[PDB]
**Q** 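Sharing a structure here in structure tokens format.
First the proteins, then the strands, lettered A, B, ... as listed; each starts at 1. Atom set for the values below is all heavy atoms of this structure, side chains included, hydrogens, waters and symmetry mates excluded.
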Number of protein chains: 2
Amino acid sequence: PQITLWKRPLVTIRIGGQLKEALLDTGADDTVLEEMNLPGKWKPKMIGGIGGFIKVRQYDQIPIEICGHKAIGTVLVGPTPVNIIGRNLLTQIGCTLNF
Amino acid sequence: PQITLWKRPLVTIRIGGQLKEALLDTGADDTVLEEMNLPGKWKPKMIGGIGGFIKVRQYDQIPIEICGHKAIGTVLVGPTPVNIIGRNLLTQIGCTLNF
Ligand SMILES: CC(C)CN(C[C@@H](O)[C@H](Cc1ccccc1)NC(=O)[C@@H]1CN(c2ccccc2O)C(=O)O1)S(=O)(=O)c1ccc2c(c1)OCO2
């Protein structure tokens, strides 16, 4: 697909067995999801942006479907105001910026 | 150009006659640059990121050349961790996401 940027590039993702809406975010190194009680081992991490840092839980090798495209990788879980698909997964679904 | 996402989509911009490096950020509504001087009037504003809210200076109708493509639009100046080109200007230079 081609997604214009007149509005926020929100798309449907699937993780665990939850469908969520998430930003396709070229400015995010990592994928950061709103708080959810995922199974498995995790490690603590702090990630920074505008306003400062938040504490997150790093889960590895989590399968995620993004607009029907399969991905699997690291997902950070914490008190983000928006679900963010970062470059670690955008590359996996073949996403590019074009102009 | 087509820009893949295995690396941060950093580009050179020209603004106020100065060259800077900035991140093409589809997860950002607004363009936010690190502390700098710009001429003309500005308005105090607040924006919210992953870590909380910050104060910024809103400069309107500012010309900015991004990777050789011309935009003229709003630029926010404040304590962002990195210069970010948000959707208000990405749309001007005809940027889309594709996969
Ligand atoms: C600031 C950039 C460099 C990084 N951010 C991604 C942005 O796309 C972010 C994603 C994002 C979007 C919204 C809310 C939180 C985060 N956008 C914004 O902060 C700006 C603020 N804002 C905004 C919000 C409200 C009013 C005016 C505004 O301009 C807006 O529209 O975009 S991030 O969310 O902090 C981030 C994501 C993954 C990461 C990371 C940091 O480190 C490791 O892995």
Side-chain angles (χ1 to χ4, degrees), chain A residues 1-5 7-40 42 44-54 56-99, chain B residues 1-6 8-11 21-29 32 47-53 80-87 90 95-99:
Chain A
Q2 174 177 96
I3 299 169
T4 59
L5 298 170
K7 60 179 179 75
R8 294 189 175 205
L10 290 168
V11 299
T12 307
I13 65 169
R14 188 169 88 75
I15 169 177
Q18 299 196 319
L19 305 221
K20 302 179 184 282
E21 297 298 298
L23 282 170
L24 300 176
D25 191 354
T26 61
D29 295 342
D30 301 322
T31 293
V32 194
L33 299 186
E34 297 165 19
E35 177 57 48
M36 58 179 312
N37 192 30
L38 287 173
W42 53 276
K45 191 178 171 70
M46 279 251 277
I47 54 161
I50 289 165
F53 280 76
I54 58 160
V56 301
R57 302 193 306 287
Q58 179 185 328
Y59 291 83
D60 295 325
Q61 293 295 313
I62 301 300
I64 312 290
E65 199 169 84
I66 298 155
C67 300
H69 289 78
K70 300 179 176 64
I72 177 164
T74 292
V75 301
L76 307 183
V77 176
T80 174
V82 64
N83 289 309
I84 293 161
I85 308 306
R87 292 185 300 100
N88 74 306
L89 302 189
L90 293 173
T91 57
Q92 297 190 8
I93 69 172
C95 187
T96 57
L97 283 164
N98 304 80
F99 58 100
Chain B
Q2 178 159 263
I3 299 174
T4 61
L5 299 170
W6 282 280
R8 292 188 206 215
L10 291 165
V11 297
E21 187 166 73
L23 181 66
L24 304 178
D25 188 349
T26 59
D29 294 355
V32 195
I47 63 171
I50 205 169
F53 284 69
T80 177
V82 59
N83 298 323
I84 64 180
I85 306 308
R87 292 184 301 100
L90 294 173
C95 194
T96 62
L97 289 158
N98 300 269
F99 63 102

**Q** Testing the basics here: between A:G86 and A:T31, what is the closest heavy-atom pair and its distance to 0.1 Å?
**A** N-OG1, 3.0 Å

**Q** Using the test side-chain hydrogen bond (donor to acceptor under 3.5 Å, both in side chains), find all partners of A:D30 that sit at least two apart in sequence or belong to another chain.
**A** none

**Q** Please enumerate all residues that pass side-chain hydrogen bond (donor to acceptor under 3.5 Å, both in side chains) together with B:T80, with sequence neighbours excluded.
**A**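 Residues passing side-chain hydrogen bond (donor to acceptor under 3.5 Å, both in side chains) with B:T80: none at all.
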
**Q** Go through the steps for A:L33 and A:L38 under the test side-chain contact (heavy atoms from CB on, under 4.5 Å), then give the verdict.
**A** CA-CA 11 Å; A:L33 299 186; A:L38 287 173; 5.7 Å; no

**Q** Under the ring-ring contact (aromatic ring centres under 6.0 Å, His included) definition, can you give me all pairs with a residue in residues 16-35 of chain A, not counting sequence neighbours?
**A**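 Sorted pair list comes back empty.
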
**Q** Partners of A:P9 by side chain to side chain contact (heavy atoms under 4.5 Å, CB included), sequence neighbours excluded?
**A**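 Per chain and number, A:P9 pairs via side chain to side chain contact (heavy atoms under 4.5 Å, CB included) with A:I3, A:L5, A:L23, A:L24, B:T26, B:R87, B:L97.
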
**Q** Below 3.5 Å, can you tabulate the donor-acceptor pairs from side chains in residues 63-77 of chain A to any protein atom, sequence neighbours excluded?
**A**
from: A:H69; atom 1: ND1; to: A:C67; atom 2: O; distance (Å): 3.3
from: A:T74; atom 1: OG1; to: A:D60; atom 2: OD1; distance (Å): 2.8

**Q** Using the test salt bridge (charged side-chain N to carboxylate O under 4.0 Å, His left out), find all partners of A:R8 that sit at least two apart in sequence or belong to another chain.
**A**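 A:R8 satisfies salt bridge (charged side-chain N to carboxylate O under 4.0 Å, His left out) with B:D29 once adjacent residues are dropped.
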
**Q** Could you state the interatomic distance from NZ (A:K45) to CZ (A:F53), rounded to the nearest 0.5 Å?
**A**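 Answer for the NZ-CZ pair, A:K45 versus A:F53, is 9.5 Å.
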
**Q** Taking all non-hydrogen atoms of both residues, which atom of A:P81 and which atom of B:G49 are closest, and how far apart?
**A** CG-O, 4.2 Å

**Q** Rounded to the nearest 0.5 Å, how far does CG of B:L10 lie from CD1 of B:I84?
**A** 12.0 Å

**Q** Report the distance from atom CZ of A:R14 to atom CG of A:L19, rounding to the nearest 0.5 Å.
**A** 7.0 Å

**Q** Quick one: pull up CG in B:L90 and CG in B:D25 and give me the separation to the nearest 0.5 Å.
**A**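 It is 8.0 Å, given to the nearest 0.5 Å.
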
**Q** Nearest 0.5 Å, what's the CD1-CZ distance between A:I93 and B:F99?
**A** 4.5 Å

**Q** Under the side-chain hydrogen bond (donor to acceptor under 3.5 Å, both in side chains) test, which residues partner A:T12, sequence neighbours left out?
**A**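 Listed in chain order: A:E21.
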
**Q** What residues, two or more places apart in sequence or in another chain, satisfy side-chain hydrogen bond (donor to acceptor under 3.5 Å, both in side chains) together with A:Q18?
**A** A:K20

**Q** Rounded to the nearest 0.5 Å, how far does CD1 of A:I13 lie from CG of A:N83?
**A** 5.5 Å

**Q** A:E35: which residues meet the salt bridge (charged side-chain N to carboxylate O under 4.0 Å, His left out) condition with it, sequence neighbours left out?
**A**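 Scan of A:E35 (salt bridge (charged side-chain N to carboxylate O under 4.0 Å, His left out), adjacent residues dropped) gives A:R57.
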
